[PDB]
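Beneath this line is the structure, given in structure tokens, with notes to follow.
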Amino acid sequence: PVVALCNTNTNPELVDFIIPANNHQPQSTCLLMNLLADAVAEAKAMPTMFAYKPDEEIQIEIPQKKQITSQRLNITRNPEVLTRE
Amino acid sequence: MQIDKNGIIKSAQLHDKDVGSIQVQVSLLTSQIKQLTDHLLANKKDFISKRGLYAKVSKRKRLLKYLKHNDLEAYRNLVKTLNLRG
Amino acid sequence: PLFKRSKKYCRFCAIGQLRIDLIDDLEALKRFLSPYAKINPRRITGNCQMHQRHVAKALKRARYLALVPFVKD
Amino acid sequence: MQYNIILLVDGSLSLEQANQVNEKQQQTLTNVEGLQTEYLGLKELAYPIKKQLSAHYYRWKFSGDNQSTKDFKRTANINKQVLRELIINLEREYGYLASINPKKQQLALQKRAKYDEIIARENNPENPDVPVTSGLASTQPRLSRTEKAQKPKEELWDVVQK
Amino acid sequence: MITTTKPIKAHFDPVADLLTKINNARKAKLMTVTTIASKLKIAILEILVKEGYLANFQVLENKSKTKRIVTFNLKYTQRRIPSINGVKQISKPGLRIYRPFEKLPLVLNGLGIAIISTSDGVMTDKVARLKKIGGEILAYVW
Amino acid sequence: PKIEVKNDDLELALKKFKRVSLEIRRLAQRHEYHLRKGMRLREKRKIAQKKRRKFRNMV
RNA sequence: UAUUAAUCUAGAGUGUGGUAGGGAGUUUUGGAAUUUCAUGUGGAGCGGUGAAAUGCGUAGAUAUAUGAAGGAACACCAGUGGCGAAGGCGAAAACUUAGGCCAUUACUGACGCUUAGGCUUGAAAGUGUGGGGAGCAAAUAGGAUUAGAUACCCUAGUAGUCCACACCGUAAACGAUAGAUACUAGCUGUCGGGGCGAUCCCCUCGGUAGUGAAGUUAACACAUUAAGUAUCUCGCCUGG
Ligand SMILES: [Mg+2]
Ligand SMILES: [Mg+2]
Ligand SMILES: [Mg+2]
Ligand SMILES: [Mg+2]
Ligand SMILES: [Mg+2]
Ligand SMILES: [Mg+2]
Ligand SMILES: [Mg+2]
Ligand SMILES: [Mg+2]
Ligand SMILES: [Mg+2]
Ligand SMILES: [Zn+2]
């Protein structure tokens, strides 16, 4: 079994438990990964971090290094494969 | 010299709004041929017009064959008026 | 490398002239012409293909009516 | 049809070249409507064709049958006072149907005046700027498109058996 | 009242038209398809749904009663693999296939179905054997 | 191709005339041997393609 | 299924309304550039090559400036382009003319696909008659190179390349992929018609490209413009 966070551009056959989500945002990714870790943590019998929890304790911050977004650009870096004769 | 499509349709119409039958189509086709035979006879080196002329000639023959297969009596009426046989 | 703006715009399309006459925008066509009495290409002139052809025919027609030069020398 | 001649005559003197245009008008043009003429006049010439650089420019906006061209064309060369003449038949020019189309004119007018307001723009250039060299995206999509978007003609179908 | 958006056109051969539609839908995993409706196509599709390869088939008519198009769907299982495996047409235009009752074919040792329209419209091969009467053989479906 | 020297400096003059002459030179080698229409069309499309691909990665 | 007697519009056409084109023929016109000739200035080489030599030049060449004559082809535009069934089409104009795309509450009402035989067109070279001939150049002469050079190089150089009318009917005439019909992911371009109304960009209907999965192939590769899933018709293949 393999689970994955598909982002609209993945072949569904390869993954087993697809979990529609983002993958480019340092906030969505962290939230979902901890949730799966939280299931494991509850099964292992140590307190959870984000799952089955209220509003006041889930708030997280956006990492630094325009603005946190998720647009895919940088298309100019895809010219024609070097050819001609 | 040029033709007028409006006049030929009004003359060859069997009844009003019948602007797409076989009789009106073949009458228009014959008129353009007369003009087109003139043009090709004058020039003698334009072959696209010759291709168009041959294609147009073939369409009337096929159209007249169909109108012979169905309702042959109306074929007689149209042929004597238009004088296309000979 | 180099940098600049991709402003490359077809003038006549925004102004919607839709029609080119050689004695209505003569000073406009002289801009499209290069200083060497030569019709500038896409990279410089900036019009679309349709208006470039239209301006090109008009520029050559003016050059037949003997309104604009044909080459420096 | 409606033709448009752009005549060229020598730079002798204005009234006699204007007079020269009148004979060329009354002799030929077998069948013709009203021949309104303007007087671009003695403008400089791009080359000394016919050993002439100072020419009077005339434009004729007549209209008539296709026979109006032959006699005038064959007489122009013979006449030593005429340098060039071009009968630019506007029914074959690059774009003739749109100028007669009424709604097209309107949208054309439409397009020009707004782009021009952009041109006017409160303290617009900020530098030479060229006619544009400064054009923002058409904001969010032209909502008018989304509202007046045309629904095609398909068909409503009714169930019969199941 | 079912609405559509696309114009519906179809190929001329009504048995292989359906066969091409069915095979392409199977290969492309498509579910909803449309085609023009003919009584032969309706009847052959009716026995098809009785023999159990497709689920539903609804024919509709225009508001003028001049055109009819049949829109059928396939029976996919939960894991999204179809029940149809392969379709092949025998009596193509030009070469019409006529076999007597004694030479009625058996498809995949009886697992598949052979479609035969003898005299009382289209009829499956097994019931055709029961009636001891044969005729036109349209296509093999398994 | 007249361009004035302006008599303020010389270098600037040779910097512009070098460009004009190279575009002039290009056509000069083009017009020395007559090639067939197929071969001639091939070299035009090739030059455009070379310039195009260059402009693609330079833009 | 075939025959016959009829109805319908969705196939295909016609008309109206939008509309893009280097589509074709005929008749006129124009400028750069070369050659020759005319007139000046000028004074020893020019030309050609790997290096040179035939060759041109004190009879004043090359060069420079002006003019005249003539023929051929139409820089730029010109394209990650347009048109035509193909060959092909790019200086300008006039006249005649072919097809195509989009929307159709209009009309006829299966009138459609393919096509043996037949007809038409069909690059260049080649032929016959009459013109034309600036440049270029098969054949040919000379100078080089070479062991030899009937070749590659150079200097000359006829037919021909051009036009009109008659033939020839072949090409790697290639997308090495016949036409028509139905279905099958998507993405990035670009062109045309239409809708909105700043361009730009969005949507629809088409044409032309790139990338790309199922699918196909021996592989390369094709992949909605198929070499995929299927039907009709024609042409063709059966070891060297
Ligand atoms: Mg001179
Ligand atoms: Mg020849
Ligand atoms: Mg010898
Ligand atoms: Mg020589
Ligand atoms: Mg000979
Ligand atoms: Mg052959
Ligand atoms: Mg070819
Ligand atoms: Mg590919
Ligand atoms: Mg043998
Ligand atoms: Zn434009």
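With ideal geometry, Cβ positions are generated from the backbone for all residues, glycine too; neighbour counts draw on all protein chains shown. None of the figures in this text is laboratory data; all of them are computed from the coordinates on show.
Some points to look at:
- Rounded to two decimals, the Cα radius of gyration of the protein assembly as shown over 2.2 N^0.38 Å is 1.53.
- GNM flexibility winner over chain C from C:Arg43, C:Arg63, C:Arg11 (Cα, springs under 10 Å): C:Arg43
- Per residue, the convex hull around the alpha carbon atoms of the range C:9-73 comes to 75 Å³.
- Only one residue of D:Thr133, B:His69, B:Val19 has its Cα farthest out toward the positive end of the dipole of the protein assembly as shown, where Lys and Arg carry +1 and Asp and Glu -1 on Cβ, and that residue is B:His69.
- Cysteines without a disulfide-compatible neighbour (Cβ-Cβ under 4.7 Å), the protein assembly as shown: A:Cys6, A:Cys30
- Phi angles of the range E:113-121 translate, via the Karplus equation with coefficients 6.51, -1.76, 1.60 and θ = phi - 60°, into HN-Hα couplings of 10, 10, 9, 10, 9, 7, 9, 10, x Hz per residue; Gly and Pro are given as x.
- With Cα atoms defining each centre, the range A:1-56 and the range B:17-76 are spaced 74 Å apart in the structure.
- Other-chain or far-sequence residues with amide H under 5 Å of D:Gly41's (modelled H): D:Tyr57
- Cα-centre dipole for the range C:9-73 with unit charges at Cβ (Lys and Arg positive, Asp and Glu negative), debye to 20: 280 debye
- Residues of the range A:51-85 with an amide N closer than 16 Å to a point placed 7 Å from the Cα of F:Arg53 along the Cα-to-Cβ direction: A:78-85.
- Debye intensity ratio I(q)/I(0), log10, chain D, q values 0.13, 0.14, 0.15 Å⁻¹ (C-alpha model): -0.85, -0.89, -0.94
- Max mean-square fluctuation residue, GNM over chain C, Cα-Cα springs under 10 Å, options C:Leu59, C:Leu26, C:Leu18: C:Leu18
- With a Förster radius of 45 Å applied to the C-beta separation of C:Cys48 and D:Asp158, the computed FRET efficiency comes to 0.40.
- Listed values for the range E:3-8 are Karplus-derived 3J(HN,Hα) couplings in whole Hz (6.51 cos²θ - 1.76 cosθ + 1.60, θ = phi - 60°), namely 9, 10, 9, 9, x, 9, and x replaces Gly and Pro.
- Rounded to the nearest 10 degrees, the angle from helix D:102-120 to the longest Cα principal axis of chain D is 90 degrees.
- Crossing angle, helix F:37-58 versus chain F [Cα axis fit, 0-90 degrees, rounded to tens]: 60 degrees
- About its Cα centre, the range B:2-84 has a charge dipole of approximately 440 debye under the convention of +1 per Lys or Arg Cβ and -1 per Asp or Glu Cβ, with nothing else charged.
- Dimensions of chain A from C-alpha coordinates, computed as largest minus smallest value along each principal axis and given longest first, are 67, 35, 16 Å.
- Helix axis angle, C:49-64 relative to chain C longest principal axis, alpha carbon, degrees: 30 degrees
- Restricting the GluC sites (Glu not before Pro) of the range D:71-108 to loop positions (DSSP other than H, G, I, E, B) with no more than 16 neighbouring Cβ atoms within 10 Å leaves D:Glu91.
- Separation of the range E:63-87 and the range C:54-73, taken as the distance between their Cα centroids, equals 65 angstrom.
- Long-range tail of P(r) for the range B:2-84 (Cα pairs > 17 Å, %): 51 percent
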